[PDB]
Each structure stands twice: as structure tokens, then as C-alpha cells.
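Listing of target-v6.pdb, PDB, N, CA and C atoms and all ligand atoms
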MODEL        1
ATOM      1  N   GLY L   1       7.882 -18.605 -15.870  1.00  0.00           N
ATOM      2  CA  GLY L   1       7.771 -20.053 -15.841  1.00  0.00           C
ATOM      3  C   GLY L   1       6.828 -20.616 -14.783  1.00  0.00           C
ATOM      4  N   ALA L   2       7.159 -21.825 -14.305  1.00  0.00           N
ATOM      5  CA  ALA L   2       6.343 -22.541 -13.326  1.00  0.00           C
ATOM      6  C   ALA L   2       6.462 -21.962 -11.925  1.00  0.00           C
ATOM      7  N   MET L   3       7.519 -21.202 -11.653  1.00  0.00           N
ATOM      8  CA  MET L   3       7.712 -20.550 -10.364  1.00  0.00           C
ATOM      9  C   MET L   3       7.122 -19.146 -10.438  1.00  0.00           C
ATOM     10  N   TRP L   4       6.065 -18.915  -9.671  1.00  0.00           N
ATOM     11  CA  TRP L   4       5.408 -17.622  -9.646  1.00  0.00           C
ATOM     12  C   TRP L   4       6.081 -16.616  -8.722  1.00  0.00           C
ATOM     13  N   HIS L   5       6.870 -17.074  -7.750  1.00  0.00           N
ATOM     14  CA  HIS L   5       7.500 -16.184  -6.775  1.00  0.00           C
ATOM     15  C   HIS L   5       6.474 -15.277  -6.105  1.00  0.00           C
ATOM     16  N   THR L   6       5.329 -15.861  -5.742  1.00  0.00           N
ATOM     17  CA  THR L   6       4.239 -15.086  -5.152  1.00  0.00           C
ATOM     18  C   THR L   6       4.684 -14.368  -3.884  1.00  0.00           C
ATOM     19  N   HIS L   7       5.421 -15.054  -3.010  1.00  0.00           N
ATOM     20  CA  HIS L   7       5.780 -14.436  -1.738  1.00  0.00           C
ATOM     21  C   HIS L   7       6.703 -13.242  -1.949  1.00  0.00           C
ATOM     22  N   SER L   8       7.778 -13.417  -2.722  1.00  0.00           N
ATOM     23  CA  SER L   8       8.683 -12.288  -2.891  1.00  0.00           C
ATOM     24  C   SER L   8       8.005 -11.144  -3.634  1.00  0.00           C
ATOM     25  N   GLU L   9       7.080 -11.449  -4.552  1.00  0.00           N
ATOM     26  CA  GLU L   9       6.363 -10.385  -5.253  1.00  0.00           C
ATOM     27  C   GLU L   9       5.462  -9.603  -4.307  1.00  0.00           C
ATOM     28  N   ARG L  10       4.783 -10.301  -3.390  1.00  0.00           N
ATOM     29  CA  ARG L  10       3.967  -9.615  -2.397  1.00  0.00           C
ATOM     30  C   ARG L  10       4.839  -8.774  -1.477  1.00  0.00           C
ATOM     31  N   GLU L  11       5.998  -9.308  -1.086  1.00  0.00           N
ATOM     32  CA  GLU L  11       6.899  -8.568  -0.211  1.00  0.00           C
ATOM     33  C   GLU L  11       7.376  -7.292  -0.878  1.00  0.00           C
ATOM     34  N   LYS L  12       7.631  -7.356  -2.183  1.00  0.00           N
ATOM     35  CA  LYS L  12       8.105  -6.178  -2.903  1.00  0.00           C
ATOM     36  C   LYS L  12       7.010  -5.126  -3.018  1.00  0.00           C
ATOM     37  N   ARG L  13       5.757  -5.546  -3.222  1.00  0.00           N
ATOM     38  CA  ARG L  13       4.667  -4.572  -3.268  1.00  0.00           C
ATOM     39  C   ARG L  13       4.541  -3.831  -1.950  1.00  0.00           C
ATOM     40  N   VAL L  14       4.599  -4.563  -0.831  1.00  0.00           N
ATOM     41  CA  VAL L  14       4.406  -3.924   0.460  1.00  0.00           C
ATOM     42  C   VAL L  14       5.607  -3.055   0.807  1.00  0.00           C
ATOM     43  N   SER L  15       6.830  -3.519   0.522  1.00  0.00           N
ATOM     44  CA  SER L  15       7.979  -2.678   0.855  1.00  0.00           C
ATOM     45  C   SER L  15       8.025  -1.428  -0.023  1.00  0.00           C
ATOM     46  N   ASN L  16       7.698  -1.556  -1.315  1.00  0.00           N
ATOM     47  CA  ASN L  16       7.558  -0.368  -2.161  1.00  0.00           C
ATOM     48  C   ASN L  16       6.507   0.583  -1.602  1.00  0.00           C
ATOM     49  N   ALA L  17       5.392   0.031  -1.109  1.00  0.00           N
ATOM     50  CA  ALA L  17       4.333   0.871  -0.555  1.00  0.00           C
ATOM     51  C   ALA L  17       4.806   1.600   0.691  1.00  0.00           C
ATOM     52  N   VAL L  18       5.540   0.904   1.564  1.00  0.00           N
ATOM     53  CA  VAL L  18       6.058   1.551   2.761  1.00  0.00           C
ATOM     54  C   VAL L  18       6.953   2.719   2.377  1.00  0.00           C
ATOM     55  N   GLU L  19       7.802   2.524   1.363  1.00  0.00           N
ATOM     56  CA  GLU L  19       8.707   3.584   0.941  1.00  0.00           C
ATOM     57  C   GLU L  19       7.935   4.762   0.360  1.00  0.00           C
ATOM     58  N   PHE L  20       6.865   4.480  -0.385  1.00  0.00           N
ATOM     59  CA  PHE L  20       5.985   5.534  -0.877  1.00  0.00           C
ATOM     60  C   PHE L  20       5.380   6.332   0.277  1.00  0.00           C
ATOM     61  N   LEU L  21       4.818   5.635   1.268  1.00  0.00           N
ATOM     62  CA  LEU L  21       4.125   6.307   2.362  1.00  0.00           C
ATOM     63  C   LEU L  21       5.055   7.159   3.207  1.00  0.00           C
ATOM     64  N   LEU L  22       6.345   6.850   3.223  1.00  0.00           N
ATOM     65  CA  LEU L  22       7.289   7.591   4.043  1.00  0.00           C
ATOM     66  C   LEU L  22       7.869   8.800   3.329  1.00  0.00           C
ATOM     67  N   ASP L  23       7.628   8.930   2.030  1.00  0.00           N
ATOM     68  CA  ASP L  23       8.141  10.072   1.290  1.00  0.00           C
ATOM     69  C   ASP L  23       7.625  11.379   1.881  1.00  0.00           C
ATOM     70  N   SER L  24       8.501  12.389   1.919  1.00  0.00           N
ATOM     71  CA  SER L  24       8.194  13.631   2.626  1.00  0.00           C
ATOM     72  C   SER L  24       6.946  14.312   2.076  1.00  0.00           C
ATOM     73  N   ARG L  25       6.842  14.431   0.748  1.00  0.00           N
ATOM     74  CA  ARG L  25       5.661  15.066   0.172  1.00  0.00           C
ATOM     75  C   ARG L  25       4.443  14.156   0.261  1.00  0.00           C
ATOM     76  N   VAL L  26       4.633  12.851   0.052  1.00  0.00           N
ATOM     77  CA  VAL L  26       3.505  11.923   0.097  1.00  0.00           C
ATOM     78  C   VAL L  26       2.853  11.942   1.473  1.00  0.00           C
ATOM     79  N   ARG L  27       3.661  12.084   2.528  1.00  0.00           N
ATOM     80  CA  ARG L  27       3.126  12.108   3.887  1.00  0.00           C
ATOM     81  C   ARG L  27       2.088  13.209   4.070  1.00  0.00           C
ATOM     82  N   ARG L  28       2.202  14.303   3.312  1.00  0.00           N
ATOM     83  CA  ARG L  28       1.295  15.441   3.416  1.00  0.00           C
ATOM     84  C   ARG L  28       0.208  15.413   2.355  1.00  0.00           C
ATOM     85  N   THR L  29      -0.095  14.250   1.859  1.00  0.00           N
ATOM     86  CA  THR L  29      -1.252  14.045   1.030  1.00  0.00           C
ATOM     87  C   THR L  29      -2.253  13.186   1.794  1.00  0.00           C
ATOM     88  N   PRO L  30      -3.542  13.293   1.495  1.00  0.00           N
ATOM     89  CA  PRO L  30      -4.540  12.576   2.292  1.00  0.00           C
ATOM     90  C   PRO L  30      -4.448  11.073   2.102  1.00  0.00           C
ATOM     91  N   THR L  31      -5.013  10.359   3.079  1.00  0.00           N
ATOM     92  CA  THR L  31      -5.034   8.903   3.029  1.00  0.00           C
ATOM     93  C   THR L  31      -5.674   8.397   1.748  1.00  0.00           C
ATOM     94  N   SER L  32      -6.758   9.046   1.315  1.00  0.00           N
ATOM     95  CA  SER L  32      -7.471   8.594   0.127  1.00  0.00           C
ATOM     96  C   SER L  32      -6.567   8.611  -1.097  1.00  0.00           C
ATOM     97  N   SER L  33      -5.789   9.682  -1.263  1.00  0.00           N
ATOM     98  CA  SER L  33      -4.874   9.767  -2.394  1.00  0.00           C
ATOM     99  C   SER L  33      -3.857   8.632  -2.357  1.00  0.00           C
ATOM    100  N   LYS L  34      -3.293   8.375  -1.176  1.00  0.00           N
ATOM    101  CA  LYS L  34      -2.285   7.335  -1.018  1.00  0.00           C
ATOM    102  C   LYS L  34      -2.876   5.957  -1.278  1.00  0.00           C
ATOM    103  N   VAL L  35      -4.081   5.713  -0.774  1.00  0.00           N
ATOM    104  CA  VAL L  35      -4.737   4.427  -0.992  1.00  0.00           C
ATOM    105  C   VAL L  35      -5.012   4.222  -2.477  1.00  0.00           C
ATOM    106  N   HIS L  36      -5.534   5.253  -3.145  1.00  0.00           N
ATOM    107  CA  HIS L  36      -5.798   5.123  -4.576  1.00  0.00           C
ATOM    108  C   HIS L  36      -4.516   4.879  -5.351  1.00  0.00           C
ATOM    109  N   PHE L  37      -3.435   5.569  -4.986  1.00  0.00           N
ATOM    110  CA  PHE L  37      -2.173   5.332  -5.675  1.00  0.00           C
ATOM    111  C   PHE L  37      -1.737   3.883  -5.528  1.00  0.00           C
ATOM    112  N   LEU L  38      -1.750   3.370  -4.298  1.00  0.00           N
ATOM    113  CA  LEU L  38      -1.253   2.016  -4.088  1.00  0.00           C
ATOM    114  C   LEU L  38      -2.128   0.994  -4.798  1.00  0.00           C
ATOM    115  N   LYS L  39      -3.444   1.229  -4.824  1.00  0.00           N
ATOM    116  CA  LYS L  39      -4.341   0.364  -5.586  1.00  0.00           C
ATOM    117  C   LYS L  39      -3.961   0.356  -7.060  1.00  0.00           C
ATOM    118  N   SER L  40      -3.634   1.525  -7.612  1.00  0.00           N
ATOM    119  CA  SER L  40      -3.252   1.570  -9.016  1.00  0.00           C
ATOM    120  C   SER L  40      -1.938   0.840  -9.282  1.00  0.00           C
ATOM    121  N   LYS L  41      -1.117   0.602  -8.255  1.00  0.00           N
ATOM    122  CA  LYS L  41       0.120  -0.150  -8.419  1.00  0.00           C
ATOM    123  C   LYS L  41      -0.080  -1.644  -8.223  1.00  0.00           C
ATOM    124  N   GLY L  42      -1.308  -2.083  -7.973  1.00  0.00           N
ATOM    125  CA  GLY L  42      -1.603  -3.496  -7.868  1.00  0.00           C
ATOM    126  C   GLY L  42      -1.635  -4.062  -6.467  1.00  0.00           C
ATOM    127  N   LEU L  43      -1.601  -3.226  -5.434  1.00  0.00           N
ATOM    128  CA  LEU L  43      -1.754  -3.765  -4.089  1.00  0.00           C
ATOM    129  C   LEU L  43      -3.203  -4.132  -3.823  1.00  0.00           C
ATOM    130  N   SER L  44      -3.382  -5.186  -3.040  1.00  0.00           N
ATOM    131  CA  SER L  44      -4.690  -5.510  -2.513  1.00  0.00           C
ATOM    132  C   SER L  44      -5.003  -4.598  -1.336  1.00  0.00           C
ATOM    133  N   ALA L  45      -6.272  -4.598  -0.920  1.00  0.00           N
ATOM    134  CA  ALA L  45      -6.648  -3.827   0.263  1.00  0.00           C
ATOM    135  C   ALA L  45      -5.852  -4.265   1.496  1.00  0.00           C
ATOM    136  N   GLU L  46      -5.637  -5.578   1.666  1.00  0.00           N
ATOM    137  CA  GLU L  46      -4.850  -6.042   2.808  1.00  0.00           C
ATOM    138  C   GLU L  46      -3.425  -5.520   2.738  1.00  0.00           C
ATOM    139  N   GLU L  47      -2.834  -5.521   1.545  1.00  0.00           N
ATOM    140  CA  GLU L  47      -1.454  -5.078   1.415  1.00  0.00           C
ATOM    141  C   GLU L  47      -1.337  -3.592   1.707  1.00  0.00           C
ATOM    142  N   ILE L  48      -2.325  -2.811   1.267  1.00  0.00           N
ATOM    143  CA  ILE L  48      -2.366  -1.392   1.613  1.00  0.00           C
ATOM    144  C   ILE L  48      -2.472  -1.228   3.122  1.00  0.00           C
ATOM    145  N   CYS L  49      -3.412  -1.944   3.735  1.00  0.00           N
ATOM    146  CA  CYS L  49      -3.556  -1.921   5.186  1.00  0.00           C
ATOM    147  C   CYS L  49      -2.232  -2.231   5.877  1.00  0.00           C
ATOM    148  N   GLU L  50      -1.561  -3.280   5.416  1.00  0.00           N
ATOM    149  CA  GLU L  50      -0.305  -3.691   6.020  1.00  0.00           C
ATOM    150  C   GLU L  50       0.743  -2.591   5.924  1.00  0.00           C
ATOM    151  N   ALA L  51       0.833  -1.939   4.766  1.00  0.00           N
ATOM    152  CA  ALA L  51       1.810  -0.876   4.592  1.00  0.00           C
ATOM    153  C   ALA L  51       1.547   0.275   5.560  1.00  0.00           C
ATOM    154  N   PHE L  52       0.277   0.639   5.759  1.00  0.00           N
ATOM    155  CA  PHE L  52      -0.023   1.734   6.683  1.00  0.00           C
ATOM    156  C   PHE L  52       0.350   1.380   8.121  1.00  0.00           C
ATOM    157  N   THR L  53       0.108   0.134   8.540  1.00  0.00           N
ATOM    158  CA  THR L  53       0.528  -0.259   9.879  1.00  0.00           C
ATOM    159  C   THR L  53       2.045  -0.202  10.007  1.00  0.00           C
ATOM    160  N   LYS L  54       2.760  -0.592   8.949  1.00  0.00           N
ATOM    161  CA  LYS L  54       4.215  -0.638   9.005  1.00  0.00           C
ATOM    162  C   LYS L  54       4.854   0.744   9.079  1.00  0.00           C
ATOM    163  N   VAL L  55       4.166   1.800   8.646  1.00  0.00           N
ATOM    164  CA  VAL L  55       4.725   3.139   8.805  1.00  0.00           C
ATOM    165  C   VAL L  55       4.148   3.798  10.050  1.00  0.00           C
ATOM    166  N   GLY L  56       3.511   3.006  10.904  1.00  0.00           N
ATOM    167  CA  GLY L  56       3.040   3.536  12.161  1.00  0.00           C
ATOM    168  C   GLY L  56       1.825   4.410  12.046  1.00  0.00           C
ATOM    169  N   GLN L  57       1.066   4.278  10.968  1.00  0.00           N
ATOM    170  CA  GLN L  57      -0.160   5.047  10.762  1.00  0.00           C
ATOM    171  C   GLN L  57      -1.276   4.071  10.423  1.00  0.00           C
ATOM    172  N   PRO L  58      -1.659   3.210  11.368  1.00  0.00           N
ATOM    173  CA  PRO L  58      -2.586   2.131  11.026  1.00  0.00           C
ATOM    174  C   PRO L  58      -3.925   2.673  10.562  1.00  0.00           C
ATOM    175  N   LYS L  59      -4.433   2.072   9.502  1.00  0.00           N
ATOM    176  CA  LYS L  59      -5.782   2.315   9.023  1.00  0.00           C
ATOM    177  C   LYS L  59      -6.515   0.988   9.083  1.00  0.00           C
ATOM    178  N   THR L  60      -7.798   1.027   9.422  1.00  0.00           N
ATOM    179  CA  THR L  60      -8.542  -0.220   9.438  1.00  0.00           C
ATOM    180  C   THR L  60      -8.728  -0.731   8.015  1.00  0.00           C
ATOM    181  N   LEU L  61      -8.916  -2.044   7.899  1.00  0.00           N
ATOM    182  CA  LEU L  61      -9.197  -2.630   6.594  1.00  0.00           C
ATOM    183  C   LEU L  61     -10.448  -2.018   5.981  1.00  0.00           C
ATOM    184  N   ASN L  62     -11.471  -1.782   6.802  1.00  0.00           N
ATOM    185  CA  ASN L  62     -12.711  -1.223   6.286  1.00  0.00           C
ATOM    186  C   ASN L  62     -12.509   0.187   5.750  1.00  0.00           C
ATOM    187  N   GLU L  63     -11.645   0.980   6.391  1.00  0.00           N
ATOM    188  CA  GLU L  63     -11.389   2.316   5.863  1.00  0.00           C
ATOM    189  C   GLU L  63     -10.786   2.237   4.470  1.00  0.00           C
ATOM    190  N   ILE L  64      -9.876   1.286   4.257  1.00  0.00           N
ATOM    191  CA  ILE L  64      -9.264   1.133   2.942  1.00  0.00           C
ATOM    192  C   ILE L  64     -10.320   0.752   1.917  1.00  0.00           C
ATOM    193  N   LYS L  65     -11.174  -0.210   2.276  1.00  0.00           N
ATOM    194  CA  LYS L  65     -12.191  -0.683   1.347  1.00  0.00           C
ATOM    195  C   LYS L  65     -13.201   0.411   1.029  1.00  0.00           C
ATOM    196  N   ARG L  66     -13.537   1.250   2.014  1.00  0.00           N
ATOM    197  CA  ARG L  66     -14.466   2.346   1.753  1.00  0.00           C
ATOM    198  C   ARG L  66     -13.881   3.326   0.748  1.00  0.00           C
ATOM    199  N   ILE L  67     -12.590   3.645   0.886  1.00  0.00           N
ATOM    200  CA  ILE L  67     -11.940   4.548  -0.063  1.00  0.00           C
ATOM    201  C   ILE L  67     -11.966   3.966  -1.471  1.00  0.00           C
ATOM    202  N   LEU L  68     -11.753   2.658  -1.594  1.00  0.00           N
ATOM    203  CA  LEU L  68     -11.690   2.022  -2.903  1.00  0.00           C
ATOM    204  C   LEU L  68     -13.061   1.697  -3.486  1.00  0.00           C
ATOM    205  N   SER L  69     -14.139   1.899  -2.738  1.00  0.00           N
ATOM    206  CA  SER L  69     -15.468   1.633  -3.260  1.00  0.00           C
ATOM    207  C   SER L  69     -16.005   2.875  -3.965  1.00  0.00           C
TER     208      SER L  69
HETATM  209  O1  LIG J   1       6.308   5.268  -5.201  1.00  0.00           O
HETATM  210  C1  LIG J   1       7.213   5.921  -4.627  1.00  0.00           C
HETATM  211  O2  LIG J   1       8.143   5.406  -3.963  1.00  0.00           O
HETATM  212  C2  LIG J   1       7.178   7.423  -4.743  1.00  0.00           C
HETATM  213  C3  LIG J   1       8.185   8.166  -4.122  1.00  0.00           C
HETATM  214  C4  LIG J   1       8.177   9.553  -4.164  1.00  0.00           C
HETATM  215  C5  LIG J   1       7.168  10.237  -4.822  1.00  0.00           C
HETATM  216  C6  LIG J   1       6.141   9.533  -5.459  1.00  0.00           C
HETATM  217  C7  LIG J   1       4.973   9.898  -6.206  1.00  0.00           C
HETATM  218  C8  LIG J   1       4.361   8.745  -6.575  1.00  0.00           C
HETATM  219  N1  LIG J   1       5.066   7.664  -6.105  1.00  0.00           N
HETATM  220  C9  LIG J   1       6.163   8.124  -5.415  1.00  0.00           C
ENDMDL
END
Just give me the structure of the file as C-alpha cells.
Amino acid sequence: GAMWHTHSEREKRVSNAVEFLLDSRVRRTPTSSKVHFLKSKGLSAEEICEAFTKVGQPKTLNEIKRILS
């Protein structure tokens, strides 16, 4: 309907991403693989960046954009 729920939808993407990044096997995959996965789930580059900072493994915004280019 008329309510897009943009904020809660963005929050769910980032929290799902944080949970992905913390998975035991996912942690032992390269940053590029993780970035590509999150992009395929509809995260923006900023949201990917935010998720990496939240798991204590900050990546610069430019690093994310380079992987996705
Ligand atoms: O998206 C996840 O939370 C997730 C968790 C554990 C393994 C995989 C593999 C792709 N995605 C995963």
C-alpha cells in the first residue's frame, strides 16, 4: 500500500547481512564473495559497508564499490 516501511526494510537488510557475515563458514570466505552475495540480496554499497563495520571488520565504501564494479 501507501506505507513503504522503508526504514524497517533497510534495518532488516542490514541485520540479515550482519547475521550472514558472522556465520562460521561465511567468515572464512573472502570479502569479495561476501560483498557479491549481499549485493545479490539487494543491499546497497552503503548497507554492505554498514554491515561490515557492525561485525567489527570495517571495509571502506570505496573497497565495496571496487568489488562491485
Ligand atoms: O544469509 C545467511 O544468513 C546465511 C547463513 C549461513 C550460510 C549462508 C550462505 C548464504 N547465506 C547464508
- Determine, counting only C-alpha atoms, which protein, DNA and RNA residues have an atom within 10 Å of an atom of stretch 39-55 of chain L; residues of the same chain fewer than 3 positions away are not included. Present the result as a VMD selection string. chain L and resid 10 to 11 13 to 22 31 33 to 36 58 to 65 67 to 68
- Message: Report, in Å to a single decimal, how far apart atom CA of residue L:69 and atom C of residue L:12 are.
- Response: 23.5 Å
Can you report as JSON the centre and edge lengths in Å, to one decimal, of an axis-aligned box around the listed atoms of ligand LIG 1 (chain J) padded with 8 Å on each side?
{"center_x": 6.3, "center_y": 7.8, "center_z": -5.3, "size_x": 19.8, "size_y": 21.0, "size_z": 18.6}
- Which residue, L:1, L:38, L:56, L:30, has the smallest gap to ligand LIG 1 (chain J) when you use only C-alpha atoms and all ligand atoms? L:38
- Note on the structure: Atom pair atom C3 of ligand LIG 1 (chain J) + atom CA of residue L:9, distance 18.7 Å
- Item | Option closest in space to ligand LIG 1 (chain J), from L:66, L:23, L:4, L:57 [counting all atoms listed in the file] | L:23
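Going from atom C of residue L:26 over to atom C of residue L:8, you cover 24.2 Å.
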- Query: Tell me, which residues of chain L carry DSSP alpha helix (DSSP H), written as a ChimeraX atom specification?
  - Reply: /L:6-22,24-27,31-40,45-54,61-68
Missing atoms in stretch 14-33 of chain L need filling: write out N, CA, C and O atoms for it as a tab-separated table (two decimals), keeping the file's coordinate frame.
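After the write, selection-v2.tsv holds the following:
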chain	number	residue	atom	x	y	z
L	14	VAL	N	4.60	-4.56	-0.83
L	14	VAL	CA	4.41	-3.92	0.46
L	14	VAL	C	5.61	-3.06	0.81
L	14	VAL	O	5.44	-1.94	1.31
L	15	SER	N	6.83	-3.52	0.52
L	15	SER	CA	7.98	-2.68	0.86
L	15	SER	C	8.02	-1.43	-0.02
L	15	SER	O	8.34	-0.34	0.47
L	16	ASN	N	7.70	-1.56	-1.32
L	16	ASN	CA	7.56	-0.37	-2.16
L	16	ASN	C	6.51	0.58	-1.60
L	16	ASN	O	6.68	1.81	-1.64
L	17	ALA	N	5.39	0.03	-1.11
L	17	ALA	CA	4.33	0.87	-0.56
L	17	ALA	C	4.81	1.60	0.69
L	17	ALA	O	4.51	2.79	0.87
L	18	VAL	N	5.54	0.90	1.56
L	18	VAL	CA	6.06	1.55	2.76
L	18	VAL	C	6.95	2.72	2.38
L	18	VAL	O	6.86	3.81	2.96
L	19	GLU	N	7.80	2.52	1.36
L	19	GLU	CA	8.71	3.58	0.94
L	19	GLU	C	7.94	4.76	0.36
L	19	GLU	O	8.27	5.92	0.62
L	20	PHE	N	6.86	4.48	-0.38
L	20	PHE	CA	5.98	5.53	-0.88
L	20	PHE	C	5.38	6.33	0.28
L	20	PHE	O	5.42	7.57	0.28
L	21	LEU	N	4.82	5.64	1.27
L	21	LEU	CA	4.12	6.31	2.36
L	21	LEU	C	5.06	7.16	3.21
L	21	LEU	O	4.59	8.11	3.85
L	22	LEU	N	6.34	6.85	3.22
L	22	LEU	CA	7.29	7.59	4.04
L	22	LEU	C	7.87	8.80	3.33
L	22	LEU	O	8.54	9.61	3.97
L	23	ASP	N	7.63	8.93	2.03
L	23	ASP	CA	8.14	10.07	1.29
L	23	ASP	C	7.62	11.38	1.88
L	23	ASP	O	6.46	11.48	2.27
L	24	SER	N	8.50	12.39	1.92
L	24	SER	CA	8.19	13.63	2.63
L	24	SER	C	6.95	14.31	2.08
L	24	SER	O	6.08	14.76	2.84
L	25	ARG	N	6.84	14.43	0.75
L	25	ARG	CA	5.66	15.07	0.17
L	25	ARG	C	4.44	14.16	0.26
L	25	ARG	O	3.33	14.63	0.53
L	26	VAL	N	4.63	12.85	0.05
L	26	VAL	CA	3.50	11.92	0.10
L	26	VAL	C	2.85	11.94	1.47
L	26	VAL	O	1.63	11.83	1.60
L	27	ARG	N	3.66	12.08	2.53
L	27	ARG	CA	3.13	12.11	3.89
L	27	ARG	C	2.09	13.21	4.07
L	27	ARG	O	1.18	13.07	4.90
L	28	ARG	N	2.20	14.30	3.31
L	28	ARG	CA	1.30	15.44	3.42
L	28	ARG	C	0.21	15.41	2.36
L	28	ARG	O	-0.32	16.47	1.97
L	29	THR	N	-0.10	14.25	1.86
L	29	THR	CA	-1.25	14.04	1.03
L	29	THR	C	-2.25	13.19	1.79
L	29	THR	O	-1.87	12.46	2.72
L	30	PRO	N	-3.54	13.29	1.50
L	30	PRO	CA	-4.54	12.58	2.29
L	30	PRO	C	-4.45	11.07	2.10
L	30	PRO	O	-3.90	10.57	1.12
L	31	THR	N	-5.01	10.36	3.08
L	31	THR	CA	-5.03	8.90	3.03
L	31	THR	C	-5.67	8.40	1.75
L	31	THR	O	-5.19	7.43	1.15
L	32	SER	N	-6.76	9.05	1.32
L	32	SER	CA	-7.47	8.59	0.13
L	32	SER	C	-6.57	8.61	-1.10
L	32	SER	O	-6.55	7.66	-1.88
L	33	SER	N	-5.79	9.68	-1.26
L	33	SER	CA	-4.87	9.77	-2.39
L	33	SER	C	-3.86	8.63	-2.36
L	33	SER	O	-3.59	7.99	-3.38
